[PDB]
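Next come the chains, spelled out residue by residue.
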Amino acid sequence: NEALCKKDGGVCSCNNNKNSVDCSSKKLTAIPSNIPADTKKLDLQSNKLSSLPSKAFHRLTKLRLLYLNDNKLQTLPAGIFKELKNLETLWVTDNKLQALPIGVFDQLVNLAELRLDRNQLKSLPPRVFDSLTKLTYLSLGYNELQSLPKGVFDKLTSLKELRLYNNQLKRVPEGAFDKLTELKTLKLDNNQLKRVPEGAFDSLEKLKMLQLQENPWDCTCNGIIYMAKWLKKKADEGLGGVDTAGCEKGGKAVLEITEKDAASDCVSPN
């Protein structure tokens, strides 16, 4: 029998009137097992959790915020979050996650913010984000992603910010952002993109910040023309970031490129 709250002898600090349990930074190796099912905010960030028992949050029906960032999770049991139907924010950043269970987010219908940066993600399940209707903030930065599953975003029609920076993206899918009509910030800097497919940004009206730096854009062949025409047409409208896309070789900004220097339908570095 171990008391949860410091006031009762435990190590985690607890705010009764606010229904919050703060077990953050107590060198923990296991989820305390006597967390009131009444809890709205659970903080387990900055501890040493290498695994995580399923059904660990399956009584916590009222959970609104769950911070699992900065532990040692290498995996997530298939149904850890199937009961958190009122969760609004989930952070599982800074861990060693190497994959995400196919329907791990199927029950999070009220989710608004989801961070998964700095993990070991190599691929995403085809429909992992399909239930995140109300989702407005998505960051997947700092992982080992090389490509994205076609349609992975289609259901996210309220997304405001999307961060795919700091991965190893070789190419963005066909119509990956077509349904993100309400997107205002798109971060894609630091990947291995040579260009984006034609029309890749046509739905992003209402877009305010675009981060494209640190990518090997080859303005040495058409295929970059769509992105140049678009960016240039967006520079005027006061986009922001339009200048961050820079040529791999040319030195000059993709923005400036015309069909003159990129008039040759040929294939990026082989």
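Residues numbered from 1 in each chain as written, not as in the entry; some residues may be left out. Heavy atoms only, no water.

**A few points about a positive patch on the surface**
Worth spelling out the cut-off: Excluding any residue in a salt bridge, patches collect residues exceeding 30% relative accessible area, merging like charges within 9 Å and nonpolar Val, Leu, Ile, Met, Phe, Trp and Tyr side chains within 5 Å. All accessible areas in this document rest on Shrake-Rupley with a 1.4 Å probe, and a residue is counted as covered only by the protein chains that are shown. For salt bridges, the criterion is a side-chain nitrogen of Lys or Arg within 4 Å of an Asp or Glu carboxyl oxygen. Residues scored as charged are limited to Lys and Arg (positive) and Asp and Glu (negative), so that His and the chain ends carry no count. Every charge is mapped to an atom, namely NZ of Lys, CZ of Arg, CG of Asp or CD of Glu. Numbered from the N terminus, helices here are DSSP runs of H or I no shorter than four residues, and strands are runs of E no shorter than two. Accessible area is worked out with a 1.4 Å probe on protein chains only. A residue is then buried under 20% of its type maximum, exposed over 50%, and partly exposed in between.
A contiguous patch of positive charge on the surface is contributed by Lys18, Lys40, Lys62 and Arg64. Its location among the elements puts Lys40 in the loop between β2 (20–22) and β3 (41–43). On the basis of relative accessibility, which here comes to 35%, the residue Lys40 falls in the partly exposed class.

**Description of the environment of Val267**
If you trace the backbone, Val267 turns up in the segment after α1 (225–236). It is 42 Å that separates the C-alpha atoms of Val267 and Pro77, two residues lying 190 residues apart in sequence.

**Observations regarding the nonpolar core**
The line we're drawing: Residues belong to a common nonpolar core when they are buried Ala, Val, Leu, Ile, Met, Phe, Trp, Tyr or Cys residues joined through side-chain atoms within 4.5 Å. Contacts: residue pairs with any heavy atoms within 4.5 Å of one another.
Membership of the largest hydrophobic core comes to 85 residues, with the highest contact counts inside it found for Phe81, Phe105, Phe129, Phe153 and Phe177. With six residues, the single largest contributor to this core is α1. Not counting residues up to four positions away in its chain, the partners in contact with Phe81 are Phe57, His58, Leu66, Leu68, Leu76, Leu90, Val104, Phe105, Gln107 and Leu108.

**Details of the environment of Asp261**
Positionally, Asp261 belongs in the segment after α1. A relative accessible area of 35% places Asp261 in the partly exposed class. Spatially, the C-alpha atom of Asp261 lies 9.9 Å from that of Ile225, the residues being 36 residues apart in sequence. Those residues within four positions of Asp261 in sequence are excluded, and the remaining contacts are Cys219, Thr220, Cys221 and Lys252.

**Some points on a negative patch on the surface**
The grouping of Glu174, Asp178, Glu198, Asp202 and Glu205 at the surface amounts to a negative patch. Take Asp178: its relative accessible area is 33%, and that puts it in the partly exposed class.

**Brief notes about the pattern of salt bridges**
Two side chains with opposite charge may pair up if their charged atoms get near one another. Evaluated as defined, the whole model comprises seven salt bridges. Residues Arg127 and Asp130 are paired through a salt bridge, measuring 2.8 Å at the closest nitrogen-oxygen approach. A relative accessible area of 58% places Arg127 in the exposed class. The exposure class of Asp130 is buried, given its relative accessible area of 17%.

**Details of the environment of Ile257**
Secondary-structure assignment places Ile257 in the segment after α1. Take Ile257: its relative accessible area is 7%, and that puts it in the buried class. Residues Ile257 and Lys179, 78 residues apart in the sequence, show an inter-C-alpha distance of 28 Å. Apart from the residues within four sequence positions on either side, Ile257 is in contact with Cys219, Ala228, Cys247, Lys252 and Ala262.

**Remarks on the UniProt feature "domain: LRRNT" (unreviewed entry) in the protein**
For clarity, the cut-off: UniProt positions are given in the numbering used here, feature names are shortened, and annotations may be inferred rather than shown by experiment.
When the UniProt feature table is mapped to this numbering, "domain: LRRNT" (unreviewed entry) covers residues 11–41. Annotated as 0% helix and 23% strand, the span residues 11–41 places its first and last C-alpha atoms 17 Å apart.

**Here's the deal with α1**
Keep this limit in mind: Working rule for helices: expected span equals 1.5 Å times residues minus one.
Between the first and last C-alpha of α1 there are 17 Å, a value that for 12 residues agrees with the 16 Å anticipated at 1.5 Å per step. Along α1, the positions that sit buried rather than exposed are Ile225, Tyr226, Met227, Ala228, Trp230, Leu231 and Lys234. Close packing links the buried residues of α1 with β10 (209–211). Directly after α1, the chain includes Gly238, whose backbone phi takes a positive value near 75°.

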